[PDB]
Amino acid sequence: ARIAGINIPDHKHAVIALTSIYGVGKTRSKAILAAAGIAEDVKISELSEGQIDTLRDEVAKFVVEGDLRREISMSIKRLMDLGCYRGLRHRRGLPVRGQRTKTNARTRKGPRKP
Amino acid sequence: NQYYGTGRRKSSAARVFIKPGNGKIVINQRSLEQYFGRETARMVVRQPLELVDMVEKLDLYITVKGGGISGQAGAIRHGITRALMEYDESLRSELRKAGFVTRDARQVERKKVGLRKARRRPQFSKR
Amino acid sequence: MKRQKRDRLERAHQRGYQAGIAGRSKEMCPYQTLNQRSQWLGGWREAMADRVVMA
Amino acid sequence: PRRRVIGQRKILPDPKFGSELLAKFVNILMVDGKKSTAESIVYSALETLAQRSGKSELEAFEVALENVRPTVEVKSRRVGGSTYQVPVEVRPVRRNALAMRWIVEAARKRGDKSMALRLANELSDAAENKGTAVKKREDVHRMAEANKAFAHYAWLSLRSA
Amino acid sequence: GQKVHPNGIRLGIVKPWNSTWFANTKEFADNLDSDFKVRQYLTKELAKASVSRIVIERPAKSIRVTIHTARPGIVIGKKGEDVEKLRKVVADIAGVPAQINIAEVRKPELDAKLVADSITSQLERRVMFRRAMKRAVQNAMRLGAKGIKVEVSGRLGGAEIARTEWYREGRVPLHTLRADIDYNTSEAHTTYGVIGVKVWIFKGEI
Amino acid sequence: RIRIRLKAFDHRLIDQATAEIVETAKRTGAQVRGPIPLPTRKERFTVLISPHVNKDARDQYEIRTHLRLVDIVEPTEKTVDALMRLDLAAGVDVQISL
Amino acid sequence: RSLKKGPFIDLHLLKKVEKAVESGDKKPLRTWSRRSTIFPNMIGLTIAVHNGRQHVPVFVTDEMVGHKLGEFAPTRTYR
Amino acid sequence: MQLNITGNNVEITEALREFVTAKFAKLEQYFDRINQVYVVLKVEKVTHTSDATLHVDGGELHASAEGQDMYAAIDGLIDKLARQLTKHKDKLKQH
Amino acid sequence: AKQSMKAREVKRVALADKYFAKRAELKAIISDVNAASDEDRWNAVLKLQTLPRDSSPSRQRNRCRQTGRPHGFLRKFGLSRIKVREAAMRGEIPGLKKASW
RNA sequence: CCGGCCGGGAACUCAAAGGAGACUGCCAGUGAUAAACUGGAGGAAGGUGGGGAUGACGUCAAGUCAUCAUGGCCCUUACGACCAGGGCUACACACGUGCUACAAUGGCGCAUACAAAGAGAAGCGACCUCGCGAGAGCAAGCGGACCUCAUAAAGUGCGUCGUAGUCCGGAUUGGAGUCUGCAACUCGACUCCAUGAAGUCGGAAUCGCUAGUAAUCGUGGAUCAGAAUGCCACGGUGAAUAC
RNA sequence: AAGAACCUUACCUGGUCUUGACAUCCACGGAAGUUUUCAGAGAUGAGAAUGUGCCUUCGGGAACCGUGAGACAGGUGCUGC
């Protein structure tokens, strides 16, 4: 119950249980078990350590927690350093993709202060 | 010999051929149980064969098409009663009483304009 | 969309009963046919007693 | 309505048991226009009502139902400034449907894992005179019997049957 | 502005269509466009000819304009030359050739287009609209219409407020679908603005 | 072998032009497979009815395309030219197939 | 995230760059083609993208290559 | 009670919105609990007219006042609304 | 509705039929995957800017042909929703009548 | 080659032209012997059978001078005409109409059953290869009861999830793409990987709905190069209640 | 509004045209049309080649294109009171 830095659930099935890693979801999580020879419905208590070490270097291929967080921070901070339109929206907290801003915009905005 | 009743219900039409035979019911070259006989309202095809007797008396070759599950089911329920035409108003006079011969002509209504699904109106509300 | 409720016979009753209770001691707002006037007045006189039993 | 003692239609009986009361009960918790899974909830609940009660299923449901069917029901009326509730007797068609609505709501509460387990336990305590729908039954009888002093004019339940 | 068009509500039942051509969906629009332009063109050109209604048919890459008028002598002109004078300019703006016909009405006091053109022209030359609007009703009813209703609308004598008048006489049942009602509408461009004239003429039941 | 399919807007005019071709193909030759009806196309057009606002006031319309088959089984040379120079009742459109 | 094959430029921007690069680093290039990409032989230039009422100059930097010219010239002004 | 102001051909200035709002608030406080109020200002070449729609627990109630200077129309509309409110209020007291 | 706009529409019809469907080979034949994906293809997507911009079929508006009204059009009829009611109730569009079912 | 697949058949579904049928026609009672009402029979349907179209005289000096037409006024080297770029998509906020949820009557995975209506020629686009996929290449067929869009979905059987912000929810954002069109930056749609917000059923106030209705589930059309959570249609499942 | 990237588009900033983008009347030239270059954001302006029948009245009769004088054209500009 320690891969990629954390991986601590138990009593869960394996392909759902790997998805607490920041960088994996239900497709890459099936790619890990299908690429590491593990059936998808086993539990983390039911894995033996001679499988779990073969899953640690398996998930060491795709980018995980820290490298992905400083990577996405490099992307957003890069755009804000260029000062393009997208990064100009990132510097101000408005929708980047071109959503409606007259009415909703409220996930990127936050709560409503007035 | 062989006797026929048409029967239809809710955009769904049956063709019922009844013969003096065993107690088997065939629907669209399948059996009843493997067509819908554990699905929703399987009783409504054996139901007109309950006020009359059917046990190993008459086998049924039914081809229903169009509509859905209970539309085909009520279609067959009308088709069997229509196919009790050689078994006369001794049986159909006692088969008026429990229904079974009205076509049950309730069709789905058309969507009216301005209304959303023919009665629902788009909520002039004060809040 | 269906047909009238209790075809003025014992609706004529409860009109005479409501009109009996809410004052109207005229007994001079009935129907004019006999089978409805008879129990407009019937509900009226059944409503006088129900006025004595209360305020 | 103002008019129309309406041309009334009947219902289909239940397939697995010879009952139309049971088919009405399926139509009560038939949420969202979907009869088949409500039939699976009802059958799955009467099975464990039989195993958790010993006796048969139709009599299990009916004995479990007659401890929540009511007799008197309040009707809220206002005259002048007051707005008091007046006990009307429930008519025996409305009676069992008003029982089953309380069973089904009290099963939508109470939350266990499954709906057949919730409704099975709720019918079990309805046999036990213990659960929620008997508390609502006794609330209705306490407030109609508490407001019993009103038997009057014409706006409710003419002479007899 | 709340009634159905009483010529259009009964288009399969009583009245015939003004166009009797089949066109598949690739040529239906243009086949209706040139169909429009010969009606605009003939309506503009034959304005003195007292035209009732023109019916366009398209047999086999050709065209036929049947011209319903009251005075076919002004239409054919001297010797019949003006028919060909119309037919060359019809064939230029339609699919060449053209077989135009005339189908005159011998009772022009019962045609709703010609009554409305009559009241239109008389209001253009400034007659009293009760005299014109009433004289149309008289001239239909003493000639054999089972009903008529004329309505004029607008300034109607230079008033600062517009109003309508209408002088029905007899039966004009607008809701009976088998009832034959010739409705038509014309417009009179007076120097105070537009005066709209619409006339219903009820004739029979089948 | 001739597949004559014809479509029009009025049923009481296409059933007139169909009787104007069965009497042809039975007047000369024989073996016609009946006036076969086909399903009617029902193009529906819903338009707004005011020149401005009042969206809910509409006007629904339809045109009807009626179709009929003929199916001449054995053609005669009087029949294939009897189809020619006889194409009247404008409003009916005809197609021959071989 | 569009235009599968080849970047987009106009001929009056491509020929205007290939004219004004071999002719030395010069005056800022007035451009109206906002919709065109930024090629790596445009690095080092002051191009003035038209935003609607200005021609705002932006020095083309190395990171700006995959973007377009209108991306670095805002149109609406807020506060 | 939130007052919504709108104007057909009447440019709603900030001094105009302050006064109308004050008058509406004063009326709302005096007669009944009011949920929402819509105000419409129209100018038709001579007539400065005003419409108001109050949404109150009983329901909608509306009034309209023509004036000379807009302010007069607003005052008339507010007095009319107050009168309507008195009627609705004890119309649903009626003990 | 604005004769300027109406003539602008027929100008775009004229150039849209003049250039493309004759020089649609610059994209429908050249700008493809083949063994010709060199600077002939870049010469093609380079080339379509030289053509008049008002030659593409996607600058058409498909207006009404009695009024030029840009909104509310019918491709079957060629008329806007006002004029097709005006001609439908008159009896112009053949076979068209009011529908009810 | 058990595929309506093939000779064949014209019964049946169906197509869609013509007819028949339902009119208080018959019976019993009530009623001024009247109109009518209540109940019964027969019948597919019984009391204007269900639904639509149809909107009286008028009101609101309601809406439209930006569909059009038109009286008057105003501009006519500009309020007219052409082009590029932008804006119509801005956002402290307020209101209206909707979609998706908050889950176990469910989510997910596998297997599998049943529709009606419609559209299609610079268009709809099989099959077969390549791609995880949006899609790409070749390319038949079809101006269509034939060919294509086009696998209906809810449902059903099996397995798992065990009541948690969870295997709910799918917002936002990053990366990589596809298609359309000269051209997806402002500002398109979609796909893939990742990210995983609010939300645990909504105060005061408020709306629709009486039966194939409500409520849910999918499908199609127009407008359209591309761009529906809207509109207009169609079917599936299908209630409660009216004293 | 039954579907605003351009167009639509009516609004804004700039770049231009004036009997005009669209219609008629008068005169003078030219077949119309077609391939390509330069400049420019494009409109536009400059070109470079190609092209020539319908009736003999023949400077034409057409269709089409340019320049010139106005009568005008045009206006989604105001008034739905």
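Taken together, the values in this text are just the output of simple stated rules run on the coordinates, not laboratory data. Positions of Cβ are generated from backbone atoms using ideal geometry, with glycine treated the same way; all protein chains shown enter the neighbour counts.
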Just to confirm the filter: which GluC sites (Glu not before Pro) across the range E:145-206 are DSSP coil and have at most 16 other Cβ within 10 angstrom of their Cβ? E:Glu160, E:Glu205
Per DSSP H run of at least 4 residues, take -39500 (n - 2.57); add these up for the protein assembly as shown, divide by its residues and hand me the 222 nm value, nearest 500 deg cm²/dmol. -10500 deg cm²/dmol
Using only Cα atoms, find the angle between the long axis of helix H:14-31 and the longest principal axis of chain H, and express it within 0 to 90 degrees, rounded to the nearest 10. 10
Counting only pairs 8 or more places apart or on different chains, how many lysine pairs in the range D:6-97 have C-alpha atoms closer than 15 Å? 5
In nanometres, what is the gap between the two model label sites at F:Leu69 and E:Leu143, each 7 Å from Cα along Cα-to-Cβ? 5.4
Count the DSSP beta bridges whose two residues both fall in chain H, then state the antiparallel fraction as a percent rounded to the nearest 5. 70
Centre separation in Å (Cα based) which lies between the range E:69-140 and the range D:77-109: 77
Taking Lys and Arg as +1 and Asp and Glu as -1, residues besides E:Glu81 with C-beta under 13 Å from its C-beta add up to +3
For the protein assembly as shown, give the share of DSSP beta bridges that are antiparallel, in percent and rounded to the nearest 5; count only bridges with both residues there. 85
Antiparallel versus total DSSP beta bridges in the range E:16-106: what percent is that, nearest 5? 65
Is the shape of chain B rounded, prolate or oblate, going by the alpha carbon gyration tensor and its root eigenvalues a ≥ b ≥ c, with a/c under 1.5 for rounded and a/b larger than b/c for prolate? prolate
Counting only residues 5 or more apart in sequence or on a different chain, those whose built amide H sits under 5 Å from that of F:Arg41 are F:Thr65
If you take the square roots of the eigenvalues of the alpha-carbon gyration tensor of the range E:82-194 and sort them as a ≥ b ≥ c, do you get rounded (a/c under 1.5), prolate (a/b over b/c) or oblate? oblate
Can you give the net charge of the other residues whose Cβ lies under 12 Å from the Cβ of H:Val20, counting K and R as +1 and D and E as -1? 0
For q values of 0.10, 0.21, 0.22 Å⁻¹, compute log₁₀ I(q)/I(0) with the Debye formula on a Cα-only model of chain A, without solvent. -0.47, -1.01, -1.07
Whole-Hz Karplus couplings 3J(HN,Hα) for the range C:24-31, θ = phi - 60° and coefficients 6.51, -1.76, 1.60, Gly and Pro as x, run 6, 7, 3, 6, 9, 10, x, 7
Cα gyration tensor shape of chain H, rounded if a/c is under 1.5, else prolate or oblate by comparing a/b with b/c: prolate
Need the list of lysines near G:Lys26 for cross-linking: C-alpha distance under 27 angstrom, and skip anything on the same chain fewer than eight residues off. G:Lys15, G:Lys16, G:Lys68
Quick calc: nm separation of the 7 Å Cα→Cβ label points for H:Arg33 and H:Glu14 -> 3.5
So, for the Cα atoms of chain E, Rg and Dmax in Å stand at 18.3, 54
Taking the range H:1-67, which GluC sites (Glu not before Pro) meet the DSSP loop condition and have no more than 16 other C-beta atoms within 10 Å? H:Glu11, H:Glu44
Hey, got a sec? Which trypsin sites (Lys or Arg not before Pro) in the range B:1-71 land in a DSSP loop and have at most 15 other Cβ atoms within 10 Å? B:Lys24, B:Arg38, B:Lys57
Derived scalar couplings ³J(HN,Hα) [the range E:11-17; Karplus, 6.51 cos²θ - 1.76 cosθ + 1.60; whole Hz; x for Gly, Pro]: 10, x, 7, 10, 7, x, 7
Taking the 0 to 90 degree range and rounding to the nearest ten, how far is the long axis of helix B:69-83 tilted relative to the main principal axis of chain B, both from C-alpha atoms? 40
For the range E:99-107, Karplus couplings with θ = phi - 60° (6.51, -1.76, 1.60), whole Hz, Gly/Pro x: 10, 8, 10, 10, 9, 6, 8, 8, 10
Amide H within-cut-off set for E:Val127, under 5 Å, with H built and near neighbours excluded: none
Within chain E, which is the longest segment containing none of the trypsin sites (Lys or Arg not before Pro) that sit in a DSSP loop and have at most 11 other Cβ atoms within 10 Å? E:143-177
